[PDB]
Amino acid sequence: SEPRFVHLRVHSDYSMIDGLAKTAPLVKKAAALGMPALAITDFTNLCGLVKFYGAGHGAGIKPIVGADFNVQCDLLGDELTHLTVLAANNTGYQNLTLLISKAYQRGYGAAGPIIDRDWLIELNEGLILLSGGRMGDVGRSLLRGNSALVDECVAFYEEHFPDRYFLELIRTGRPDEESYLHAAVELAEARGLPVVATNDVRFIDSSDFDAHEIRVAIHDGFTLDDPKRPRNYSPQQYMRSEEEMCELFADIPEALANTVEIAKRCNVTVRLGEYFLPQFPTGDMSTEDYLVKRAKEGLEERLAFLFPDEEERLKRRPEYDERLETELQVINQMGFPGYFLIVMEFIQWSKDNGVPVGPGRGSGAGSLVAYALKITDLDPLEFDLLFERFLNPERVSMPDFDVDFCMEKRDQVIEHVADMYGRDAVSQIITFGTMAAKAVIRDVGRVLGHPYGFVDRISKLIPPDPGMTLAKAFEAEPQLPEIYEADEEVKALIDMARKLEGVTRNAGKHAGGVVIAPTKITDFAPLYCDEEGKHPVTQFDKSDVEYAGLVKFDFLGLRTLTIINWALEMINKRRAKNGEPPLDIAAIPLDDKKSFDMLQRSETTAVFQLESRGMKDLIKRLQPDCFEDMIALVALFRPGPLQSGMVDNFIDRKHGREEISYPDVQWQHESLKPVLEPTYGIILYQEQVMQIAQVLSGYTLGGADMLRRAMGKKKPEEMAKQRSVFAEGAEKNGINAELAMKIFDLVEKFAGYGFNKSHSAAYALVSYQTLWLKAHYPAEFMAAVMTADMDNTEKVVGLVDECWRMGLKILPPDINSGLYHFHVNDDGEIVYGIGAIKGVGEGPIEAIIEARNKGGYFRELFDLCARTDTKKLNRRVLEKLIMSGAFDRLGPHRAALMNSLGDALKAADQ
């Protein structure tokens, strides 16, 4: 008539040790079984917690936070025992988080993380414990026959968890289970403690048993059919129904009812979707006021540059002060001033120190304030970039500038970010490894007892394409179905690989970024650590950490901004000779004829994004003369636009062929003037699809961002309301309707796939600098690009060819001139970077330089080796150096020196 049983012990694959099903499928299973509630109690972690809350909301199930543990106490010796801890409330959730972090921080061995039982004295309130059945403190001791020991245990829970500790009973046809229960029942009865049924769940369906066994062998490193393989699981450990459970425990309805009682007792709030900002350093002045002070000051720099130093300014300056007012009042009203301040500061620090930040910027850049703060470097009014596409007062959201830097610099930024906000408020972020296509076949093959060669035959048939799946591999490679039909072993293989594909095997590897908290990180996420209790990371990954409301900064391997950096040093050092102030890649005008000519010719080698094949043949196929269609580029180079035949209409519509209309040949208006000029008529962007709601029908833009999302969330009722609000507002703004109910019909299909222009222009700018640099500073730019590609000998040779094809001097290796990096001669000739000689490397190079900077230096081969410290200049390095042509201006050719090297190396050691 209502709930009889909810599951209080369940692993998903985040347990890693075991488990099969992910977090959302368990939640649906529980929902389909008609349960109101569901604990996922993964093994010493809460990795899936944020995903659990999201999925529960969506399905009408209440999440019960908890975790399983190996537990250790003096009473049982070195024998580890099982406990389940549930969080009944938010005090409990915190203690549970503190536990898990304590297990990990302590370090651990082959046995895995463990907690000491005595930790459960301080870390207590708000937790409910389940005994662990036959493998718990109390269960093992009942099994013994040691009445006393049972008592010294039972006393501990009586002292510390008075009505908060349950004798767990489990019927999964495992050994000692039915003896334990029978004793535990007698214990509860006698000592007056409560019992609870659990099914110790590991997989959704009984038939998944074999898949889970395999999953475990892969973790444990055993072959399926090894007699020594630990077999700790039963086919019974599946997501059993309410009916199935009441039948299993019919003799003890209290064990079931206590399920339901515990579930009602557990209510943990996990707020999602909203920041907990940390506090910015502000001294006096409210956070709200400091933002306006520095946003206004910022705008003072931007206004003097843009509309330059002559006092016209005021001619369209009001529009600027105007828009900043609007944003400042929204940011402040929504609680975000600190978010801008802390990105603001960070971005400045990285410009100041030696850290390039990726383009990214999110949908920011539509924010005048960001530009004022120099978080972004485009003028949003110039390119009709919208603030409301980034922060909309009409909607609950988290503004994200999607800022990222390269992982290698992690140590530096954590350092600084910990100056700002405090050591333990700062932390790295976990990443998980899953078993993709190739790996899962490799591993299931191993487990099923095949030799490498057998299994590898199937693996080679899996394409290497990123994000490849088995289903797709079966689509693209006709040999896969073929052999799957022919070979039972091969089909057994793949059948199981298919159940294991995508399961979580472990943590990185490496972190995914850094997170910043308002206080201690453990007030927000638990910690995971390695065997040594080191490399602490939050147990919630990137996305999860986000949605829990921490400010985060991702890692990215993005050599593009590092190149721009290097070339920029190279340009700015040529200033010391010239002078001529230093360059600000930001003071670049975005209307440079010589750069646009360069683009129009389509020599876009080494220029961000558009260096592909098809791109060079669309640059040419339309010839962009301004910055505004640089933005357009990446929106056009897409499968969808050309599938319909939209790009075609664009390239003609410029010059071109045909004729300007706002938008369609018939269906057009004049007030759509400024909104479509930059894009030659066509609605190219989402920004513009809001803007035509705004000036035709008159939406507040905030309102217009909503219409757009509705056209995204196509459902009749939301759209029918808006279908008339547009149609009524067309008369309100005046005049001609009827036309409206047709331009609206098709603006709803120019925005079905329109680009995020603010996103587009973030990247376009970085491309434009890259273009500029090449046009204006070829020697330095190409130098820098060559420095980034130094690992790959083949790409370097491709680049020198490019250098010579664009007509630049490129000098092969020389020991007297060359450096590590690749640079520019006093004569503007690229000097080869010795790093580019595979095999040498930074140490030996470094050494050579320091020796050259000591006595000019380097008559012949002998002169070097004699000075150079031997074994820091390994003979291995001297052959490599010889054989590149480093000494070819200064005496004998390669061969003759390879027969002189031996002797050269004896005259040194003196």
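By convention here, the first residue in the shown sequence is residue 1. As a basis for the values below, the full set of heavy atoms in this structure was taken, side chains included, without hydrogen atoms, waters or symmetry mates.
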Take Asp705 and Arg395 through the test side chain to side chain contact (heavy atoms under 4.5 Å, CB included) and record every step on the way to the result.
CA-CA 10 Å; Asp705 194 58; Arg395 71 179 282 96; 4.2 Å; yes
Which value, rounded to the nearest 0.5 Å, describes the distance between [X] atom [atom1] and [Y] atom [atom2]?
X: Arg708; Y: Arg389; atom1: CZ; atom2: CZ; result: 4.0 Å
X: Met706; Y: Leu701; atom1: CE; atom2: CG; result: 13.0 Å
X: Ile331; Y: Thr287; atom1: CD1; atom2: OG1; result: 13.5 Å
X: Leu378; Y: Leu590; atom1: CG; atom2: CG; result: 6.5 Å

Show the nearest heavy-atom pair for residues [X] and [Y], with the distance to one decimal.
X: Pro663; Y: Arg653; answer: O-NH2, 3.3 Å
X: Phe608; Y: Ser767; answer: O-OG, 2.8 Å
X: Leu324; Y: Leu368; answer: N-CD2, 3.5 Å
X: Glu731; Y: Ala737; answer: OE1-CB, 4.2 Å
X: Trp349; Y: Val413; answer: CH2-CA, 3.5 Å
X: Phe750; Y: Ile683; answer: CD2-O, 3.4 Å

Just do the side chain to side chain contact (heavy atoms under 4.5 Å, CB included) check on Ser758 and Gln686 with the steps written out, would you?
CA-CA 9 Å; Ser758 167; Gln686 308 176 137; over 6 Å; no
Hey, are the side chains of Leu385 and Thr376 touching, using non-hydrogen atoms and a 4.5 Å cut-off?
no
Under 3.5 Å, is there a donor-acceptor pair between the side chain of [X] and the main chain of [Y]?
X: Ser671; Y: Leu696; answer: no
X: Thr604; Y: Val607; answer: no
X: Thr679; Y: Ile682; answer: yes
X: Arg302; Y: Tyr371; answer: yes
X: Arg271; Y: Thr269; answer: no
X: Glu611; Y: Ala606; answer: yes
X: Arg361; Y: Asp402; answer: no
X: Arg638; Y: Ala635; answer: yes
X: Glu687; Y: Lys757; answer: yes
X: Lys732; Y: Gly698; answer: no

Can you see whether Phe340 has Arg294 sitting over its ring - NZ or CZ less than 6.0 Å from the centre and within 45° of the normal?
no
Parallel under 30°, tilted from 30 to 60°, perpendicular over 60°: which one fits the rings of [X] and [Y]?
X: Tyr768; Y: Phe596; value: tilted
X: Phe726; Y: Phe744; value: tilted
X: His759; Y: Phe755; value: perpendicular
X: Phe336; Y: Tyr275; value: perpendicular

Checking side-chain polar atoms at under 3.5 Å, does [X] have a donor or acceptor matched by the opposite partner on [Y]?
X: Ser363; Y: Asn756; value: yes
X: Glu327; Y: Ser367; value: yes
X: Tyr680; Y: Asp629; value: yes
X: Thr605; Y: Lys616; value: yes

Any salt bridge linking [X] with [Y]? Criterion: basic side-chain nitrogen under 4.0 Å from a carboxylate oxygen.
X: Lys715; Y: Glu718; value: no
X: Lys594; Y: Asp597; value: no
X: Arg317; Y: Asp321; value: yes

Counting neighbours of CD on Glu319 that are heavy atoms of other residues, nucleotides or ligands and sit closer than 6.0 Å, is the number greater than 12?
yes
For the aromatic rings, using the six-membered ring if either is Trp, is the centroid distance between [X] and [Y] under 6.0 Å?
X: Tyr547; Y: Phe540; value: no
X: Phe390; Y: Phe401; value: yes
X: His57; Y: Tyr53; value: no

Please walk me through it: do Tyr320 and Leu306 pass side chain to side chain contact (heavy atoms under 4.5 Å, CB included)?
CA-CA 11 Å; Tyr320 280 94; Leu306 257 168; 4.0 Å; yes
For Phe346 and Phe405, what are the C-alpha separation, side-chain angles and deciding distance, and is it a side chain to side chain contact (heavy atoms under 4.5 Å, CB included)?
CA-CA 11 Å; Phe346 175 85; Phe405 52 96; 3.9 Å; yes
